[PDB]
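S.K.: Sending over a structure as structure tokens; questions will come in a sec.
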Ligand SMILES: CCCCCCCCO[C@@H]1O[C@H](CO)[C@@H](O)[C@H](O)[C@H]1O
Ligand SMILES: CCCCCCCCCCC
Ligand SMILES: [Tl+]
Ligand SMILES: [Tl+]
């Protein structure tokens, strides 16, 4: 605890996270458990970074980090690969996501003895997936591309869709956090109906404003000539955060807005420019630079998120509920997940569907949403969501992230040969 | 009291700053008064960004910003051009800087009926130079590459040294700031000898540590194979701040350590000859990626610094002493700089000397250290430095920056066509 409380803590997270990243690449082991372990070392163990600083930093890193993460994830998306295998993807992010959210919710409620709403909070938090761990092994194991594309795309589209479900599941238990459209719509049309209508509204408006601001920004780049350093990176950053803030100002998921914007800018090629060659080549250069910068920021954000999650956990609650946590984990990675991917069996084989379903692990987004109910319960004390359930949900999320990551990372060589 | 949301405030500053940057590039107007006027619009006038909130943000933006900016700036230094023009820039960064701070401080002391310490604080603040607002007009008029090299390098070295001089002046006013060594010497030798010996200590230790960390980092990159995304950027950032914190824990200028580190990293080919071609390729790849990211961050930090400076100022005190601040500013531009640059004509002609001694403006660093004594006054209670004197210092720094940038960027063609 000799270090500076604020600055040197941040720098400690950065430094140790970087070293952890290096040794992760060198070892070949996943970056998730390495980062979590690092946080565990500098956090709970060595007591260098107490939970207070962890929360305070995580309150900013949540917003900035998640926004930039979803933006860069939007960038690394090719719409053609999506269109080639659309139906098997679009439905699972529309239905399968909510389905596994409900099954995880129930299977959480029946073991931790709570409300279906809190269980649904856990499920919504843990909704998004992260297959970035599997990719380094996929490329060297030469697994089929047709599944990699649909899994990665699935993650790209479910990441912001897990935040909105978390945002609404929270808004139910705490009255203050929800406001504007949700309050009135829910007050006039009940919880369920008003919630579904609010969901559709949020998604539709987010996609609309996303495409709008994406194309508008893309045209603004040409109209005023933004190709050179440092205007492109700065303007793109400001664009993403513009989408987020005015997307949230009219009460809608600005995260999904930023994601869709990243999709638009990421696929400028298909925007029908009818423009000259010079402009498009130099614009390709500019977009590449911007992608580099923002992806660096997203890397730093990823590291910070995982390390903070590792340094914000308390081993007391976790060890107190380890068996239950593992039970929930295996409950959502073996039971909830395949039964939520049933419609995928329509266009896919038995073993293929089994693979795709069973495979998906949880990562960045659930890690960044884990401490949210806790941190919110501490500030806005509600009898439905207290500190106890905050610790419970968070611990369960961390447990499931770790478990899913390690287990699903380790069981692919044999499963490849079996199929 | 804080009104607008923090995240929305930060975003507002970023957005308006970017738009202002575009407008500044297209119009040809220097980005300094554009940013300052932008912040001025969103700051005092509209009260979108509360002055207290501006303070709280600035306290972070200066620490992160100055470090990343100086570290990046260190890469833009050529050791060959440094060796070819050593005594000149050495005379500039040492003698010229200190003398400038002293005489400008004397002017401020005379005008505002100040003490010697407050004046020296002002001079130390406006000691640094930022010729980045002159580069376009330099490479458009095809001015001599020599004087451009000299000016730019002088900026590179005198930017952190200006913070040290400010650190000195700050430590002499508030009891808490002066840490470790400086205190000992100060209570043993006195403020003069203590300040000088601590200056030498800070400079030497920061430079040596910067070289050590630069070489160590280079060897680590070369060894472990830190060549590709995203290892190089993250690691270089971690190193850039490692130098800062380590340097600050040794009671030295961490900014100077980061700067020297950037100097070492920028000149990677020089550290080892005979090294394989492929190695130089990969190393240049990594270095270019790093430079891209960190320079982008430095640009954002510059935007934030200038805009925040614009949003922080209060027009009351400024307009109350506009003539005084302008008088001090003209005293710095006309008297201070050339009088401190007089021994430079031992290697250059009178015209070249005059150009050099009339071009150097005040930009980023003095703009980030503008409200530092004011902030400290609001933080700690000292019988020497008060609040309103911090207001005076800040406002005078603002006027100085604006006038220096505007005028010394404006008179470039008239001055050049007469001199060279
Ligand atoms: C003005 C000097 C600051 C550096 C400007 C670099 C402009 C080009 O930026 C380039 O972006 C590329 C995107 O892939 C990176 O791979 C390169 O490393 C980077 O140099
Ligand atoms: C309060 C102590 C509770 C102990 C629970 C430990 C769970 C370990 C499960 C191992 C499968
Ligand atoms: Tl994802
Ligand atoms: Tl400079």
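Protein chains in written order, with the working numbering: chain D, 26 to 444; chain U, 289 to 708.
C-beta: ideal position from N, C-alpha, C; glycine also.
1) Using the three-state DSSP reduction, which class does residue 197 of chain D fall into: helix, strand or coil?
2) What residues in the segment 510-542 of chain U bring their beta carbon closer than 8 angstroms to a beta carbon of chain D?
3) If you drop the 5 nearest sequence neighbours on each side, which residues of the same chain put their C-beta closer than 8 angstroms to that of residue 373 of chain D?
4) Less than 6 angstroms between C-beta atoms, sequence neighbours within five positions excluded: which residues of the same chain meet that for residue 95 of chain D?
5) At the level of alpha carbons, what is the spacing between residue 603 of chain U and residue 612 of chain U?
6) Could you check what DSSP says for residue 324 of chain D in three-state terms: helix, strand or coil?
7) With DSSP as the reference, label residue 185 of chain D as helix, strand or coil.
8) State yes or no: is the beta carbon of residue 583 of chain U nearer than 9 angstroms to at least one beta carbon in chain D?
9) Should the segment 486-496 of chain U be called in touch with the segment 464-473 of chain U, which here means at least 3 C-beta pairs below 8 angstroms?
10) Taking the alpha helix (DSSP H) that residue 227 of chain D falls in, what are its first and last residues?
11) Measuring CB to CB, does residue 598 of chain U end up less than 9 angstroms from residue 349 of chain U?
12) For residue 273 of chain D and residue 441 of chain U, what's the separation of their Cα atoms in angstroms?
13) Mind checking whether the beta-carbon of residue 524 of chain U lies closer than 8 angstroms to any heavy atom of ligand 2?
14) Using only the heavy atoms of ligand 2, determine whether one of them is closer than 8 angstroms to the beta carbon of residue 346 of chain D.
15) Quick one: list the residues of chain D neighbouring residue 299 of chain U, beta-carbon separation under 7 angstroms, in chain order.
16) Name the residues in the segment 576-600 of chain U whose C-beta lies less than 8 angstroms from a C-beta of chain D; which are they?
17) Classify residue 152 of chain D as helix, strand or coil using the three-state DSSP reduction.
18) Against chain U, does residue 46 of chain D count as a neighbour if the rule is that its beta carbon must be under 9 angstroms from one of theirs?
19) Can you tell me the Cα-Cα spacing of residue 325 of chain U and residue 686 of chain U, whole angstroms?
20) Against chain D, does residue 350 of chain U count as a neighbour if the rule is that its beta carbon must be under 9 angstroms from one of theirs?
21) At least one CB of chain U closer than 9 angstroms to the CB of residue 42 of chain D: is that the case?
22) Select from U:490, U:661 and U:705 the residue whose C-alpha is nearest the C-alpha of residue 464 of chain U.
23) Say the cut is 8 angstroms; is the CB of residue 351 of chain D nearer than that to a heavy atom of ligand 2?
24) What did DSSP end up calling residue 207 of chain D once you bin it into helix, strand or coil?
25) Using the beta-carbon of each residue, which ones in chain D are nearer than 9 angstroms to residue 296 of chain U?
26) Along the segment 275-308 of chain D, what residues have a CB closer than 9 angstroms to any CB found in chain U?
27) In angstroms with no decimal places, state the Cα-to-Cα distance between residue 700 of chain U and residue 306 of chain D.
28) Any contact of the segment 151-167 of chain D with the segment 359-369 of chain D, i.e. 3+ C-beta pairs under 8 angstroms?
29) For residue 707 of chain U, would you say it is in contact with chain D, using Cβ-to-Cβ distances shorter than 9 angstroms as the test?
30) What did DSSP end up calling residue 607 of chain U once you bin it into helix, strand or coil?
31) Could you tell me whether the Cβ of residue 302 of chain U comes closer than 9 angstroms to any Cβ of chain D?
32) Does the distance from the CB of residue 325 of chain D to the CB of residue 522 of chain U come in under 9 angstroms?
33) With respect to the alpha helix (DSSP H) encompassing residue 682 of chain U, which residues constitute its N-terminal and C-terminal limits?
34) Along the alpha helix (DSSP H) that carries residue 161 of chain D, what are the first and last residues, could you check?
M.R.: With the given structure in hand:
1) Locating residue 197 of chain D in the first chain gives position 172, where the first residue counts as 1. Three-state result, residue 197 of chain D: helix.
2) Residues of the segment 510-542 of chain U whose Cβ lies closer than 8 angstroms to any Cβ of chain D, in chain order: 512, 514, 517, 518, 519, 521, 522, 523, 525, 526, 529, 530 and 533.
3) If you number the first chain from 1, residue 373 of chain D lands on position 348. Hits under 8 angstroms: 113 and 381.
4) Taking the first chain and counting its residues from 1, the one referred to as residue 95 of chain D is at position 70. Excluding positions up to five away in sequence, the list reads 184, 185, 280, 283 and 284.
5) Numbered from 1 along the second chain, position 315 holds the residue referred to as residue 603 of chain U. Numbered from 1 along the second chain, position 324 holds the residue referred to as residue 612 of chain U. Rounded to whole angstroms, residue 603 of chain U to residue 612 of chain U spans 14 angstroms at the Cα level.
6) As a first step, residue 324 of chain D is located in the first chain; it is residue number 299 there, counting from the start. Looking at residue 324 of chain D - three-state DSSP - the assignment turns out to be helix.
7) Residue 185 of chain D sits at position 160 when you count from the first residue of the first chain. Note: residue 185 of chain D maps to helix in three-state DSSP.
8) Your numbering for residue 583 of chain U matches position 295 in the second chain. Yes, residue 583 of chain U counts as interfacial toward chain D.
9) As far as the Cβ criterion goes, the segment 486-496 of chain U touches the segment 464-473 of chain U, which means the pair count is three or higher.
10) Here residue 227 of chain D is taken as the residue at index 202 of the first chain, counted from 1. 217-249 is the extent of the alpha helix (DSSP H) around residue 227 of chain D.
11) Mapped onto the second chain, residue 598 of chain U falls at position 310. Mapped onto the second chain, residue 349 of chain U falls at position 61. Result no, Cβ atoms of residue 598 of chain U and residue 349 of chain U do not sit closer than 9 angstroms.
12) Within the first chain, numbered from 1, the residue matching residue 273 of chain D stands at position 248. Within the second chain, numbered from 1, the residue matching residue 441 of chain U stands at position 153. Whole-angstrom Cα-Cα distance: 46 angstroms.
13) Sequence index remark: in the second chain, residue 524 of chain U carries index 236 (1-based). Residue 524 of chain U Cβ: outside cutoff for every heavy atom of ligand 2.
14) Along the first chain, one-based indexing puts residue 346 of chain D at 321. Result yes, Cβ under 8 angstroms from ligand 2.
15) Position 11 of the second chain holds residue 299 of chain U. The answer, in chain order, is 266 and 270.
16) 577, 580, 581, 583, 584, 587, 588 and 591
17) For the purposes of this step, residue 152 of chain D is identified with residue 127 of the first chain, where counting begins at 1. Three-state result, residue 152 of chain D: coil.
18) Stepping through the first chain from its first residue, residue 46 of chain D is reached at position 21. At least one chain U Cβ lies under 9 angstroms of residue 46 of chain D.
19) The count along the second chain starts at 1 and reaches residue 325 of chain U at position 37. The count along the second chain starts at 1 and reaches residue 686 of chain U at position 398. Roughly 12 angstroms separates the two Cα atoms.
20) The residue labelled residue 350 of chain U in the question sits at position 62 within the second chain. By this cut-off, residue 350 of chain U is not an interface position.
21) Numbered from 1 along the first chain, position 17 holds the residue referred to as residue 42 of chain D. Yes, because at least one Cβ of chain U sits closer than 9 angstroms to the Cβ of residue 42 of chain D.
22) Here residue 464 of chain U corresponds to residue number 176 of the second chain, with the count starting at 1. Out of U:490, U:661 and U:705, U:661 has the C-alpha closest to the C-alpha of residue 464 of chain U.
23) Numbered from its first residue, the first chain carries residue 351 of chain D at position 326. With a cutoff of 8 angstroms, residue 351 of chain D counts as near ligand 2, since its C-beta is closer than that to a heavy atom of the ligand.
24) Residue numbering aside, residue 207 of chain D sits at position 182 when the first chain is read from its first letter. Here residue 207 of chain D sits in helix by DSSP.
25) The residue labelled residue 296 of chain U in the question sits at position 8 within the second chain. Those within 9 angstroms of residue 296 of chain U in chain D are 270 and 274.
26) Residues of the segment 275-308 of chain D with a C-beta less than 9 angstroms from any C-beta of chain U: none at all.
27) As a working mapping, residue 700 of chain U is identified with position 412 in the second chain. As a working mapping, residue 306 of chain D is identified with position 281 in the first chain. Residue 700 of chain U and residue 306 of chain D have their C-alpha atoms roughly 36 angstroms apart.
28) no
29) Sequence index remark: in the second chain, residue 707 of chain U carries index 419 (1-based). It does not; no Cβ of chain D falls within 9 angstroms.
30) Numbered from 1 along the second chain, position 319 holds the residue referred to as residue 607 of chain U. In this structure, residue 607 of chain U counts as helix in the three-state DSSP scheme.
31) Numbered from 1 along the second chain, position 14 holds the residue referred to as residue 302 of chain U. Yes - at least one Cβ of chain D is within 9 angstroms of the one on residue 302 of chain U.
32) The count along the first chain starts at 1 and reaches residue 325 of chain D at position 300. The count along the second chain starts at 1 and reaches residue 522 of chain U at position 234. In contact: residue 325 of chain D and residue 522 of chain U (Cβ atoms closer than 9 angstroms).
33) Position 394 of the second chain, counted from the first residue, corresponds to residue 682 of chain U. Unbroken alpha helix (DSSP H) run through residue 682 of chain U: 675-698.
34) For the purposes of this step, residue 161 of chain D is taken as the residue at position 136 of the first chain. 160-166 is the extent of the alpha helix (DSSP H) around residue 161 of chain D.
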